[PDB]
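Student: Below is the file structure-v8.csv, which contains CSV, C-alpha atoms and all ligand atoms.
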chain,number,residue,atom,x,y,z
A,1,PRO,CA,101.6,92.9,107.5
A,2,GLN,CA,97.9,94.0,107.6
A,3,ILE,CA,97.7,97.8,106.8
A,4,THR,CA,94.6,99.9,107.7
A,5,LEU,CA,93.9,103.0,105.6
A,6,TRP,CA,93.4,105.8,108.2
A,7,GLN,CA,96.8,107.1,106.9
A,8,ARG,CA,98.5,106.8,103.6
A,9,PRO,CA,99.9,103.3,103.1
A,10,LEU,CA,103.5,104.4,102.8
A,11,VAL,CA,106.2,101.7,102.8
A,12,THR,CA,110.0,101.7,102.5
A,13,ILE,CA,111.4,100.3,99.2
A,14,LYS,CA,115.0,99.6,98.2
A,15,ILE,CA,115.6,100.0,94.5
A,16,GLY,CA,118.8,100.5,92.4
A,17,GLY,CA,120.7,100.4,95.8
A,18,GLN,CA,118.7,103.4,97.1
A,19,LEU,CA,116.1,103.7,99.9
A,20,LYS,CA,112.8,105.5,99.2
A,21,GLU,CA,109.3,105.7,100.4
A,22,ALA,CA,106.4,104.8,98.2
A,23,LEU,CA,102.7,104.5,98.4
A,24,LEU,CA,100.9,101.1,98.0
A,25,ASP,CA,98.4,102.1,95.4
A,26,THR,CA,95.7,99.7,94.3
A,27,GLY,CA,94.5,102.3,91.8
A,28,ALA,CA,97.7,102.2,89.8
A,29,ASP,CA,98.2,99.5,87.1
A,30,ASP,CA,101.9,100.0,87.1
A,31,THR,CA,104.7,101.3,89.4
A,32,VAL,CA,105.8,104.9,88.9
A,33,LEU,CA,108.8,106.5,90.7
A,34,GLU,CA,110.0,110.0,90.8
A,35,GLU,CA,113.1,110.9,88.9
A,36,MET,CA,116.0,108.7,90.1
A,37,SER,CA,119.1,107.0,88.7
A,38,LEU,CA,118.5,103.4,87.5
A,39,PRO,CA,121.0,101.0,85.9
A,40,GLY,CA,119.1,99.7,82.8
A,41,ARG,CA,118.4,100.7,79.2
A,42,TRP,CA,114.8,102.1,79.0
A,43,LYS,CA,111.9,103.0,76.6
A,44,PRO,CA,109.9,106.2,76.3
A,45,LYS,CA,106.2,105.9,77.3
A,46,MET,CA,103.2,108.1,78.2
A,47,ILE,CA,101.0,107.5,81.2
A,48,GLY,CA,97.8,109.3,82.2
A,49,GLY,CA,96.3,110.0,85.5
A,50,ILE,CA,94.0,112.5,87.1
A,51,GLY,CA,95.2,115.7,85.5
A,52,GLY,CA,96.6,114.5,82.2
A,53,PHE,CA,99.7,112.7,81.3
A,54,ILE,CA,103.4,112.6,82.0
A,55,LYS,CA,106.3,111.2,80.0
A,56,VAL,CA,108.1,108.3,81.7
A,57,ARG,CA,111.1,106.1,81.1
A,58,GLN,CA,110.1,102.4,81.1
A,59,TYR,CA,112.6,100.0,82.8
A,60,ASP,CA,111.8,96.3,82.6
A,61,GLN,CA,112.8,93.5,84.9
A,62,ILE,CA,113.9,95.9,87.7
A,63,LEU,CA,114.3,94.4,91.3
A,64,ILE,CA,112.5,96.2,94.1
A,65,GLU,CA,112.4,95.2,97.8
A,66,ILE,CA,109.1,96.4,99.2
A,67,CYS,CA,109.1,96.2,103.0
A,68,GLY,CA,111.6,93.3,102.7
A,69,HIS,CA,109.7,91.4,100.0
A,70,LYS,CA,111.4,91.1,96.6
A,71,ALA,CA,109.6,91.7,93.4
A,72,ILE,CA,110.9,92.0,89.8
A,73,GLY,CA,109.0,94.0,87.2
A,74,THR,CA,108.4,97.1,85.2
A,75,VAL,CA,109.1,100.4,86.8
A,76,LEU,CA,108.2,103.7,85.1
A,77,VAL,CA,110.4,106.7,86.0
A,78,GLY,CA,109.3,110.3,85.7
A,79,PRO,CA,107.6,113.4,87.0
A,80,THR,CA,105.1,111.8,89.4
A,81,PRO,CA,104.4,113.8,92.5
A,82,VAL,CA,104.6,110.6,94.7
A,83,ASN,CA,106.4,107.3,94.3
A,84,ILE,CA,103.6,104.7,93.6
A,85,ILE,CA,103.8,100.9,93.9
A,86,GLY,CA,101.2,99.6,91.4
A,87,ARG,CA,99.4,96.4,91.0
A,88,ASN,CA,102.2,95.0,88.8
A,89,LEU,CA,104.4,94.7,91.9
A,90,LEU,CA,101.6,94.3,94.5
A,91,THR,CA,100.5,91.0,93.1
A,92,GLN,CA,104.1,89.6,93.6
A,93,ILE,CA,104.3,90.5,97.2
A,94,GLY,CA,100.9,88.9,97.8
A,95,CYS,CA,99.1,92.1,98.6
A,96,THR,CA,95.3,91.9,98.8
A,97,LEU,CA,92.4,94.2,99.7
A,98,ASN,CA,90.1,92.9,102.5
A,99,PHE,CA,86.7,94.1,103.6
B,1,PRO,CA,85.2,90.2,100.5
B,2,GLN,CA,88.9,89.5,100.0
B,3,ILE,CA,90.1,91.0,96.6
B,4,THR,CA,93.4,90.1,94.9
B,5,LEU,CA,95.1,92.6,92.5
B,6,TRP,CA,95.6,90.7,89.2
B,7,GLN,CA,92.9,92.9,87.8
B,8,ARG,CA,91.7,96.3,88.7
B,9,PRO,CA,89.7,96.3,91.9
B,10,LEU,CA,86.4,97.6,90.4
B,11,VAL,CA,83.3,97.5,92.5
B,12,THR,CA,79.7,98.6,91.9
B,13,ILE,CA,78.6,101.7,94.0
B,14,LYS,CA,75.2,103.3,94.4
B,15,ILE,CA,75.3,107.1,94.8
B,16,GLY,CA,72.7,109.7,94.2
B,17,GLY,CA,70.3,106.9,93.2
B,18,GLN,CA,72.6,105.9,90.3
B,19,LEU,CA,74.7,102.8,89.8
B,20,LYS,CA,78.3,103.2,88.8
B,21,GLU,CA,81.6,101.2,88.9
B,22,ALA,CA,84.5,102.7,90.7
B,23,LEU,CA,88.1,101.7,91.5
B,24,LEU,CA,89.0,100.8,95.2
B,25,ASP,CA,92.1,103.0,95.4
B,26,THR,CA,94.4,103.0,98.4
B,27,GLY,CA,96.6,105.7,96.7
B,28,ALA,CA,93.8,108.2,96.8
B,29,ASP,CA,93.1,110.3,99.9
B,30,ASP,CA,89.6,111.3,98.8
B,31,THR,CA,86.9,109.9,96.6
B,32,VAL,CA,86.6,111.4,93.0
B,33,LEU,CA,83.8,110.6,90.6
B,34,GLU,CA,83.3,111.5,87.0
B,35,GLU,CA,80.8,114.2,86.2
B,36,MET,CA,77.4,113.2,87.5
B,37,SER,CA,74.3,114.8,88.9
B,38,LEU,CA,74.4,115.0,92.7
B,39,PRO,CA,71.9,116.5,95.1
B,40,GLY,CA,72.9,119.5,97.1
B,41,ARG,CA,75.3,122.3,97.9
B,42,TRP,CA,79.0,122.1,97.0
B,43,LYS,CA,82.3,124.0,97.1
B,44,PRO,CA,85.0,124.5,94.4
B,45,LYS,CA,88.3,122.7,95.0
B,46,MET,CA,91.4,121.6,93.0
B,47,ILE,CA,93.1,118.3,93.3
B,48,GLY,CA,96.4,117.2,91.9
B,49,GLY,CA,97.4,113.8,90.5
B,50,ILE,CA,99.9,112.3,88.2
B,51,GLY,CA,99.7,114.8,85.3
B,52,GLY,CA,98.6,118.0,87.1
B,53,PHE,CA,95.4,119.2,88.7
B,54,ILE,CA,91.7,119.1,87.9
B,55,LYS,CA,88.9,121.4,89.3
B,56,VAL,CA,86.3,119.5,91.2
B,57,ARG,CA,83.1,120.2,93.2
B,58,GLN,CA,83.3,119.2,96.8
B,59,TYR,CA,80.1,117.5,98.3
B,60,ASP,CA,80.1,116.7,102.0
B,61,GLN,CA,78.1,114.1,103.8
B,62,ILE,CA,77.2,112.2,100.7
B,63,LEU,CA,75.9,108.6,101.1
B,64,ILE,CA,77.6,105.9,99.0
B,65,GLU,CA,76.9,102.1,99.0
B,66,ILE,CA,80.1,100.3,98.0
B,67,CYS,CA,79.5,96.6,97.4
B,68,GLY,CA,76.3,96.9,99.6
B,69,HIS,CA,78.3,98.6,102.4
B,70,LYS,CA,77.1,102.1,103.4
B,71,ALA,CA,79.5,105.0,103.9
B,72,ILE,CA,78.9,108.8,104.2
B,73,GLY,CA,81.6,111.3,103.4
B,74,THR,CA,83.2,113.8,101.1
B,75,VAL,CA,82.8,113.1,97.4
B,76,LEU,CA,84.6,115.2,94.8
B,77,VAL,CA,83.1,115.5,91.3
B,78,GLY,CA,84.9,116.4,88.2
B,79,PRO,CA,86.9,115.4,85.1
B,80,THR,CA,88.7,112.3,86.5
B,81,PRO,CA,89.3,109.6,83.9
B,82,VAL,CA,87.9,106.9,86.3
B,83,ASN,CA,85.7,106.9,89.4
B,84,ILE,CA,87.9,106.4,92.4
B,85,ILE,CA,87.0,105.4,95.9
B,86,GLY,CA,89.6,106.9,98.2
B,87,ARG,CA,90.7,106.2,101.8
B,88,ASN,CA,88.1,108.6,103.2
B,89,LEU,CA,85.5,106.0,102.4
B,90,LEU,CA,87.6,102.8,102.4
B,91,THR,CA,88.2,103.2,106.1
B,92,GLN,CA,84.4,103.3,106.7
B,93,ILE,CA,83.8,100.0,104.9
B,94,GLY,CA,86.6,98.4,106.9
B,95,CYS,CA,88.9,98.0,104.0
B,96,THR,CA,92.5,96.8,104.7
B,97,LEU,CA,95.7,96.0,102.7
B,98,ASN,CA,97.2,92.6,103.6
B,99,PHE,CA,100.5,90.9,102.5
C,101,LIG,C1,93.7,107.9,88.8
C,101,LIG,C2,94.2,106.5,89.2
C,101,LIG,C3,93.3,105.6,88.3
C,101,LIG,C4,95.6,106.3,88.7
C,101,LIG,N1,96.6,106.9,89.6
C,101,LIG,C5,96.9,106.1,90.8
C,101,LIG,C6,96.3,106.8,92.0
C,101,LIG,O1,96.3,106.1,93.2
C,101,LIG,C7,96.9,108.2,92.3
C,101,LIG,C8,98.2,108.1,92.9
C,101,LIG,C9,98.8,109.5,93.3
C,101,LIG,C10,99.1,110.3,92.2
C,101,LIG,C11,99.6,111.6,92.5
C,101,LIG,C12,99.7,112.0,93.8
C,101,LIG,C13,99.4,111.2,94.8
C,101,LIG,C14,99.0,109.9,94.6
C,101,LIG,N2,96.0,108.8,93.3
C,101,LIG,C15,95.4,110.1,93.0
C,101,LIG,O2,95.4,110.6,91.9
C,101,LIG,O3,94.6,110.6,94.0
C,101,LIG,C16,94.1,111.9,93.9
C,101,LIG,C17,92.7,111.8,94.5
C,101,LIG,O4,93.1,111.7,95.9
C,101,LIG,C18,94.2,112.5,96.1
C,101,LIG,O5,95.2,112.0,97.0
C,101,LIG,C19,96.3,111.6,96.2
C,101,LIG,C20,96.3,112.7,95.1
C,101,LIG,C21,94.8,112.8,94.8
C,101,LIG,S1,97.9,107.5,88.8
C,101,LIG,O6,97.4,108.6,88.0
C,101,LIG,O7,98.9,107.9,89.7
C,101,LIG,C22,98.6,106.3,87.7
C,101,LIG,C23,98.2,106.4,86.3
C,101,LIG,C24,98.7,105.4,85.4
C,101,LIG,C25,99.5,104.4,85.9
C,101,LIG,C26,100.0,103.5,84.9
C,101,LIG,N3,100.0,103.7,83.4
C,101,LIG,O8,100.4,102.4,85.2
C,101,LIG,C27,99.9,104.4,87.3
C,101,LIG,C28,99.4,105.3,88.2
Mind turning the file's structure into structure tokens?
Tutor:
Amino acid sequence: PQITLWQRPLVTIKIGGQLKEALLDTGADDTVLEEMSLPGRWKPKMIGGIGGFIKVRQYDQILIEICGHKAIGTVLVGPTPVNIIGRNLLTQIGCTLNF
Amino acid sequence: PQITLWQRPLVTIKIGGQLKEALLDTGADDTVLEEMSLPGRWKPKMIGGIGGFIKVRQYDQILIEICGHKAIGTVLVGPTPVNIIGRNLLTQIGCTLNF
């Protein structure tokens, strides 16, 4: 799809067998999801954004279907206010910015 | 232009007579720039992101040229780690997401 930006670019994702909504976020390097149950082992990490930092669990090689496009990569899990799909996954689904 | 997302989508902006680089950020509702000198009146606001909230100064009707495309809108100024161009301005320069 082409998506205009008059509203938040929210899409449905399927991850770890669960359905969620997440924001297509070109300002995020990596994908960050609110606390949820995920299969893997994981590694502790810190990520920083606008108002400081949060602690996340880093899960590698996780499958996500983003509007019915499959991608596999790193997902960070933690106390983000919003599920964010970052460039690490956007590149796999062929997402570009056009102006 | 069309912009792929293998690297951060940084563009040059001209604002307040100054040249800066900023991230085209579909995950941001509003535009947030690091501390800089801007002409005019402004109103205190707080905005929240990944790790909490920062206090910003809200400037309305500010002119920005983003890759040589002119837009006028709200610009928030404050301790963001990176200059961010948000959807409030992305819509004016005709920016879309495509996959
Ligand atoms: C500040 C940018 C450069 C990085 N962020 C991505 C942004 O798009 C971030 C995504 C987001 C976070 C919290 C709530 C809602 C949206 N946008 C965001 O901070 O936007 C600000 C300004 O505009 C406002 O609307 C949304 C909340 C407000 S981030 O903090 O969420 C982030 C940081 C690090 C990483 C990482 N290590 O991969 C991933 C994402």
Student: Would you list the residues near (93.1, 95.4, 87.2), meaning any protein, DNA or RNA residue with an atom at most 10 Å from that point in file coordinates, counting all atoms listed in the file, as a list in words?
Tutor: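 Collected hits near the coordinates: residues 26, 27, 28, 29, 30, 87 and 88 of chain A; 4, 5, 6, 7, 8, 9, 10 and 23 of chain B.
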Student: May I have a table of the residues of chain B lying at most 8 Å from ligand LIG 101 (chain C), giving each one's closest pair of atoms and their distance in Å to one decimal, counting only C-alpha atoms and all ligand atoms, ordered by chain and ascending residue number, as CSV?
Tutor:
residue,atom,partner,partner_atom,distance
B:23,CA,C:LIG101,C3,7.2
B:25,CA,C:LIG101,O1,5.7
B:26,CA,C:LIG101,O1,6.3
B:27,CA,C:LIG101,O1,3.5
B:28,CA,C:LIG101,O4,3.7
B:29,CA,C:LIG101,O5,4.0
B:30,CA,C:LIG101,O4,4.6
B:31,CA,C:LIG101,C17,6.5
B:32,CA,C:LIG101,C17,6.3
B:47,CA,C:LIG101,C21,5.9
B:48,CA,C:LIG101,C21,5.5
B:49,CA,C:LIG101,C11,3.7
B:50,CA,C:LIG101,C11,4.4
B:51,CA,C:LIG101,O6,7.1
B:80,CA,C:LIG101,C1,7.0
B:81,CA,C:LIG101,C1,6.8
B:82,CA,C:LIG101,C3,5.9
B:83,CA,C:LIG101,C3,7.8
B:84,CA,C:LIG101,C3,6.8
B:86,CA,C:LIG101,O4,6.4
Student: Can you measure CA of residue 53 (chain B) to CA of residue 79 (chain B) for me? One decimal in Å is fine.
Tutor: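 We find that CA of residue 53 (chain B) and CA of residue 79 (chain B) lie 10.0 Å from each other.
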Student: Just want the 12 Å neighbourhood of residue 12 (chain A), counted on all atoms listed in the file, with same-chain residues fewer than 6 positions away dropped. Output as a list in words.
Tutor: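 With the cut-off at 12 Å, the set is residues 18, 19, 20, 21, 22, 23, 24, 64, 65, 66, 67, 68, 69, 83, 84 and 85 of chain A.
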Student: Which neighbours of residue 36 (chain A) fall inside 10 Å, counting only C-alpha atoms, when residues of the same chain fewer than 4 positions from it are skipped, and could you give them as a ChimeraX atom specification?
Tutor: /A:15-16,18,77-78
Student: Restricting the calculation to only C-alpha atoms, which member of A:62, A:75, A:17, A:1 is positioned closest to chain B?
Tutor: A:1
Student: Which distance in Å separates CA of residue 52 (chain A) and CA of residue 74 (chain A), to one decimal?
Tutor: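 These atoms are spaced 21.2 Å apart.
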Student: What's the separation between CA of residue 97 (chain A) and CA of residue 59 (chain A), in Å to one decimal place?
Tutor: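 Computing it gives 27.0 Å between the two atoms.
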Student: Show me, as a PyMOL selection string, the residues that have an atom within 12 Å of residue 2 (chain B) when counting all atoms listed in the file, minus same-chain residues fewer than 4 positions from it.
Tutor: (chain A and resi 95-99) or (chain B and resi 9+94-99)
Student: Counting only C-alpha atoms, which of B:3, B:14, B:55, B:33 gets nearest to residue 91 (chain A)?
Tutor: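 Once distances to residue 91 (chain A) are computed over only C-alpha atoms, the minimum belongs to B:3.
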Student: Rank A:89, A:54, A:63, A:11 by their smallest atom-to-atom distance to chain B, using all atoms listed in the file, and report the top residue only.
Tutor: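 Nearest to chain B: A:54.
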Student: Give me the residues within 9 Å of residue 92 (chain A) as a PyMOL selection string, counting only C-alpha atoms and dropping any in the same chain fewer than 6 places off.
Tutor: chain A and resi 69-72
Student: Go through B:43, B:73, B:90, B:34 one by one, measure the shortest atom-to-atom distance of each to chain A using all atoms listed in the file, and give the residue with the smallest value.
Tutor: B:90
Student: Of the residues A:37, A:58, A:13, A:46, which is the one nearest to chain B, using all atoms listed in the file?
Tutor: A:46
